[PDB]
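First comes one chain, alone, set out as structure tokens in the form deposited without the partner chain.
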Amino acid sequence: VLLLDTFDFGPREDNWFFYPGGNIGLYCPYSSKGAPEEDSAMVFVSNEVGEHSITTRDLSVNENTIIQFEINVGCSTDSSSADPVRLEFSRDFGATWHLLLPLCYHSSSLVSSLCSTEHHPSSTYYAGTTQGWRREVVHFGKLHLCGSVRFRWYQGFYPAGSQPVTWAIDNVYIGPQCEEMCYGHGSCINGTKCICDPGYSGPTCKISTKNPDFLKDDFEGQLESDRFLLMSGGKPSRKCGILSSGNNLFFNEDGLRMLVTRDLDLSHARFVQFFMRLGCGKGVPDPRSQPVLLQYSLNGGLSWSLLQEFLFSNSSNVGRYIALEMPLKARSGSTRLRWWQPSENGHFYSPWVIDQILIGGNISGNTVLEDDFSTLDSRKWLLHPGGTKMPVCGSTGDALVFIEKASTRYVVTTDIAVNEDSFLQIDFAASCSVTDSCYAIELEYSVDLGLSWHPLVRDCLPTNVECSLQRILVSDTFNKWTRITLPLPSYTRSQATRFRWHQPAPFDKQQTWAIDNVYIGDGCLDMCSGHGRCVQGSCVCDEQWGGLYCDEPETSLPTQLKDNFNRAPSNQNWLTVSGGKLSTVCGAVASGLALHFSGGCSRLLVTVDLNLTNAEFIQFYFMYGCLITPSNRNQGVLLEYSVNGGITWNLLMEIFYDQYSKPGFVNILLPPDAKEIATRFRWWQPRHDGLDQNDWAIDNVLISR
């Protein structure tokens, strides 16, 4: 043991050669977790004239020597490069001095350097790095420091009228390291004893209480939390924004720029993701701008490994979504991450912003994500700009609702494993008759942690006239709460697929929407037959439906359907009528009124489910172009049937676009697989040129024998 001083008496006389400007006292004690009696420290107050520093006697050091101490510079978060404290050593009895730990980033080959692979700041302690005291430890193993050396904490020389930042040090230990360096979770005493930090225990502070397996900061909440151990140089701001609403964390000061997380349980973590903007101006960022380094530590910050360097470039000055998979080596019960932008002097050439930090996920193979939105769990719903947990449109409890004024509206799920048995099933609503606007909400998937998003359902006509997104969540058909069930296509299969509901900008405030009763997974069977919802691996049937998978009607289905369309379409015959209304515009199609589809949005007609086991035919009268004739083949109405409650459809007839300029009669013999105990029909027009364009009419439907 070479040197120990707690300053709790006064200073130990033999320890120190000099301490100009230093006086025993208290500095910034009220955050400190240490005992009150221990708060006595060596303080260097701003107004002291002359040198501000403290120098040790000459000591004999070796590769196993550490310097360990606690420091507070400035008792604030007002970050500054002015008058930092430098920890230095001298090999010539104080004639010359050098930083004990150099700044290590990318070293020149023209010079002698001790830096190796690990990127780290120097033993320089800047004002406004943190309000709290902190422990620093420097190990000599890498420093080629052996023999007689003296050390100093040095700030500067200050004439009268100077006002450098006040600082203080405490609990200085210089001597042999402790075993395992106390795993970076304790203070070493004499190399023989570890004094463990809270939540760490045992001889070497190896054993940890469980750490959280998830971190979120959107910077809309508190800036003092258990989430970050350091937030040096970052302030909440709306400047240099990335997202359309809310604060970001903004680095626009000098000194240290370093954001350090608490220790996390990342043993099953999949990802770190965040938004970042490197540079805030219209031109190209200054080429001297130093990169933001993302690093991790397994040992309480004793050593750091690189995840990614993010360089300033001609394109970096636009907000960007960033996501990385958590590598195996970073996955432990106790891993912290940091974002650090190096600088040799505490000066920076550009600001930067970070926002919406999420760390977590789960690599253990989970195949199910479900929610009724009784709560909004951040671990399941990663991003939801514009979205609020609240009731709307007579929802079952709360829903996730996009109603407030916003420039961005989307919601992203966490990742799940998707396989051949996977399906997506949600309730969705648009504006609930608040607006009559025609709009759609995109449903998308990513297999790369949100780096790219692709439409879940592709434009693919069963006629193969058009094939390559298909608008599904549309505001007329889904005006009020409506269920959709989609088998997940092969291209979505992976061990980590996530989903996004996206309202592309620009959109109007009144074009609102919501989701509820979400199930994405491979449970239940038959996707509940179109007549129920999967809840915790069990089908919950709609009213009037029963059986294990909701395939059994409580009351016998009709065996025929007939409609002359001389009265308003009835829910006894029709489940859906969008874009169609009874009129005489077509003349007689069969007779009197016809159901005329000329709406500017969806044009869709769906029957109730029918028992067609013994039925023989479907027939109807049909006309195109009562107003404007269809201009191409993809505008042909498709007649399809479903035997699974509208989940999947089978083409029966393409009602060819350039036919039926005069009313015609269609008579089709039902195929075997359309003759089931529960089957529905739909007429839908995949494309049209809008209101009163490429219109069609139907009359005298008969599905019978």
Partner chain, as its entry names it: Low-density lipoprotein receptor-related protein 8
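Residue numbers count along the first chain shown, from 1.
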| said: In terms of residues present in the deposited sequence but not modelled, what lies between residue 468 and residue 469: none, 1 to 3, 4 to 9, or 10 or more? | reply: 1 to 3
| remark: Taking the deposited Cα B-factors and averaging over 34 to 42 and over 60 to 68, the higher mean is found in 34 to 42
| message | Averaging CA B factors per stretch from the PDB record, which one is higher: 257 to 265 or 610 to 618? | response | 610 to 618
| field | Residue, from 123, 244, 343, 395, that the PDB entry assigns the highest Cα B-factor | value | 244
| field | C-alpha B-factor winner, where the candidates are 497, 632, 485, 117 | value | 632
| request: Can you work out whether the C-alpha temperature factor of residue 97 puts it in the lowest, middle or highest third of the chain? | output: middle
| query | If you rank the chain by CA B-factor, which third does residue 111 end up in: lowest, middle or highest? | reply | highest
| said: How does the C-alpha B factor of residue 54 compare with the rest of the chain: lowest, middle or highest third? | reply: lowest
| request: Consider only the C-alpha atoms of the modelled residues in this chain, order them by B-factor as the entry records it, and name the third containing residue 296: lowest, middle or highest. | output: lowest
| note | Of the three thirds of the chain ranked by Cα temperature factor, residue 216 occupies the lowest
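Omitted here: the form deposited with the partner chain bound. The next part is about that form.
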| task | Would you check, heavy atoms only and a 4.5 Å threshold, whether residue 405 touches the partner chain in the entry with it bound? | result | yes
| query | residue 458: heavy atom within 4.5 Å of the partner chain in the entry with it bound? | reply | no
| Would residue 434 sit within 4.5 Å of the partner chain in the entry with it bound, counting heavy atoms only? | yes
| query | Can residue 390 be called a contact residue for the partner chain in the entry with it bound at 4.5 Å between heavy atoms? | reply | yes
| So which of 480, 380, 509, 142 gets a non-hydrogen atom within 4.5 Å of the partner chain in the entry with it bound? | 509
| query | Of these, 311 to 319, 626 to 634, 291 to 299, 510 to 518, which stretch puts a heavy atom within 4.5 angstroms of the partner chain in the entry with it bound? | reply | 510 to 518
